[PDB]
Structure formats: structure tokens, C-alpha cells
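Asks: Dropping a structure here in C-alpha cells format, bear with me for questions.
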There are 2 protein chains.
Amino acid sequence: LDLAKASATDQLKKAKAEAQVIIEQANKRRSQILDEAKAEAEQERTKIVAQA
Amino acid sequence: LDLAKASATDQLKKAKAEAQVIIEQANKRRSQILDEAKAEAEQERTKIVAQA
């Protein structure tokens, strides 16, 4: 009983924390790519504006 | 012991997952939102140089 209970609390906590972490990662990635794409959009508008 | 630990753990798992999900929706959602933004602005700029 004692052992199991300890495992329950600690483990669940850890997992959830992990979930938080991963979410943080993916979100960050989204931020980065979004930035990058955004940059691309910028560049395209550039070349276009130029040639025109 | 069994009842309490198990219940806490389960409700926990579901909840954390939910959180991470809301994260994902907010991340892709926010991200796409960013995308549309990029479109609008870039149009505006092309307009700028064109005006030039």
C-alpha cells in the first residue's frame, strides 16, 4: 500500500510535468517555424516588389 | 490505498493530457493565426513598394 501510493503520486506528477515540457517544446517549434515561414513571406514580397 | 491512489492517478493522467491538448490547439491555432497575419502584412508591403 505505502509503496504503491508513493509510486502513484510521484509518477503521475512526473509524467504530467513531462507533458508540460513536451508541449513547451512543440509550441516553441511552432514559434520557430512560424517565424521562419514569416521570414520566407518577407523574402518573396521582396523579390516581387523588386522585379515589379 | 488502492481506491485513492488509483483515482488520483487516473484523473491526473486525463487532466494533464487535456492540458497538453489545449496547448496543441492553442499552438497550431496561434500559429496559423500568425500565418494569416503574415499574408495580410506582406500584401500591405507589396502595396508599399508598388506605390513607390
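Chain labels A, B, ... are given in the sequence in which chains occur in the C-alpha cells; within each chain residues are numbered consecutively from 1, and ligands are likewise numbered from 1 in the order shown.
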Which residues, written as a PyMOL selection string, have at least one atom at most 8 Å from residue 42 (chain B), with only C-alpha atoms counted and residues fewer than 5 positions away on the same chain left out?

Replies: chain A and resi 41-42+45

Asks: Please produce a file of the residues just selected, as a PDB file, in the first residue's frame, where the atoms kept are C-alpha atoms.

Replies:
ATOM      1  CA  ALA A  41       6.881  35.532 -46.847  1.00  0.00           C
ATOM      2  CA  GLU A  42       9.015  38.587 -46.299  1.00  0.00           C
ATOM      3  CA  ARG A  45       7.387  40.021 -51.123  1.00  0.00           C
TER       4      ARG A  45
END

Asks: Compute the set of chain B residues within 6 Å of chain A, using only C-alpha atoms, and express it as an MDAnalysis selection string.

Replies: chainID B and resid 1 5 9 16 20 27 38 46 49

Asks: Let me make sure I understand: if you superpose chain B onto chain A using all C-alpha atoms paired in order, what RMSD in Å results?

Replies: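 That comparison of chain A with chain B gives 1.1 Å.
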